[PDB]
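Please treat every number below as a calculation from the coordinates, not as lab data. Because the Cβ atoms are built from the backbone with ideal geometry, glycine has one as well, and the counts that use them run over all protein chains shown.
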């Protein structure tokens with residue numbers, strides 16, 4: 001087994017990314033929020049928070065993170081907040097299939113991404129403020 005949690009939090013001109021590693025191995029999470037690109041190592045049991053800042057809160061409309069882990073594994077998560085919906089693309093560039101759980105207020109979506117596969121997850125909302133604190137869990141077999 002093994003779980004990796006990502007929570008994105010929008011608070012005005014700030015965007016916090018909290019990462020938990022609930023797995024047996026250390027992960028390296030590559031974040032790219034607009035022009036800014038940060039990389040962090042999250043060790044098992046560790047919780048890491050990286051805060052991003054912006055002039056325009058539309059720099060935050062396409063956050064992207066790659067949970068990479070020792071032994072070439074990559075899980076790519078690209079978020080896209082366009083209009084009334086939040087679009088998420090998940091790509092499993094690992095040999096194990098991963099299960100991805102995304103929560104956004106009242107709605108929670110779960111998909112399986114098989115190795116080499118790339119799946120889309122779109123949420124709709126009336127108030128785009130429903131996407132202010134989205135969560136992502138990646139559990140491997």
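Do we find a residue being in contact with a helix residue (DSSP H, G or I) (Cβ under 6 Å, 6 or more places away or on another chain) and outside any strand (DSSP E or B) anywhere in the stretch 94-108?
The answer is yes, given that some residue of the stretch 94-108 is in contact with a helix residue (DSSP H, G or I) (Cβ under 6 Å, 6 or more places away or on another chain) and outside any strand (DSSP E or B).
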Among the listed residues 73, 45, 12, which satisfies the condition of being out of contact with any helix residue (DSSP H, G or I) (no Cβ under 9 Å at 6 or more places or on another chain), surrounded by 17 or more Cβ atoms within 10 Å (Cβ to Cβ) and free of Cβ contacts under 8 Å to residues at least 60 places away in the same chain? 73
Kindly indicate whether any position in the stretch 24-31 is surrounded by fewer than 17 Cβ atoms within 10 Å (Cβ to Cβ), touching a residue at least 12 places away in the same chain (Cβ under 8 Å), under 11 Å from the mean Cα position of the chain (by Cα) and more than 23 Å from residue 124 (Cβ to Cβ). yes
Residue list for the stretch 20-38, restricted to those being within 21 Å of residue 135 (Cβ to Cβ) and assigned to a strand (DSSP E or B): 20, 21, 22, 27, 28, 29, 30, 31, 32, 33, 38
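Among the residues of the stretch 2-25, are any at positive phi and touching a strand residue (DSSP E or B) at 6+ places or on another chain (Cβ under 7 Å)? Don't jump to the end; show me each part of the working.
Filtering the stretch 2-25 down to residues at positive phi leaves 2, 12.
Among the residues that remain, those that are also touching a strand residue (DSSP E or B) at 6+ places or on another chain (Cβ under 7 Å) are: 2.
There is at least one residue in the stretch 2-25 that is at positive phi and touching a strand residue (DSSP E or B) at 6+ places or on another chain (Cβ under 7 Å).
Mind checking whether some residue in the stretch 100-108 is surrounded by 13 or more Cβ atoms within 10 Å (Cβ to Cβ), over 14 Å from residue 6 (Cβ atoms) and touching a strand residue (DSSP E or B) at 6+ places or on another chain (Cβ under 8 Å)? Let's see the steps before the verdict.
So the first thing to find is which residues in the stretch 100-108 are surrounded by 13 or more Cβ atoms within 10 Å (Cβ to Cβ), and the list is 100-105.
Narrowing further to those that are over 14 Å from residue 6 (Cβ atoms): 105.
Filter again for touching a strand residue (DSSP E or B) at 6+ places or on another chain (Cβ under 8 Å), leaving none.
Within the stretch 100-108 (the criterion being surrounded by 13 or more Cβ atoms within 10 Å (Cβ to Cβ), over 14 Å from residue 6 (Cβ atoms) and touching a strand residue (DSSP E or B) at 6+ places or on another chain (Cβ under 8 Å)), the answer is no, since none of the residues qualifies.
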Just name the residue that is nearest to residue 114 (Cα to Cα) out of those in the stretch 48-70 that are touching a residue at least 40 places away in the same chain (Cβ under 8 Å) and not in a strand (DSSP E or B). 70
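For every residue, the table says whether it meets (1) crowded, with 17+ Cβ neighbours inside 10 Å; (2) free of Cβ contacts under 8 Å to residues at least 60 places away in the same chain; (3) not in a strand (DSSP E or B).
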{"site": "87", "(1), (2), (3)": "no, yes, no"}
{"site": "112", "(1), (2), (3)": "no, yes, no"}
{"site": "115", "(1), (2), (3)": "no, yes, yes"}
{"site": "126", "(1), (2), (3)": "no, yes, yes"}
{"site": "133", "(1), (2), (3)": "no, no, yes"}
Output for the stretch 71-85, where each listed residue is under 24 Å from residue 25 (Cβ atoms) and not in a strand (DSSP E or B): 71, 72
Quick check on the stretch 48-70: of everything there that is surrounded by fewer than 16 Cβ atoms within 10 Å (Cβ to Cβ) and more than 24 Å from residue 128 (Cβ to Cβ), which residue is farthest from the chain's Cα centre (by Cα)? 70
What about residue 121, is it out of contact with any helix residue (DSSP H, G or I) (no Cβ under 9 Å at 6 or more places or on another chain) and under 21 Å from residue 23 (Cβ atoms)? no
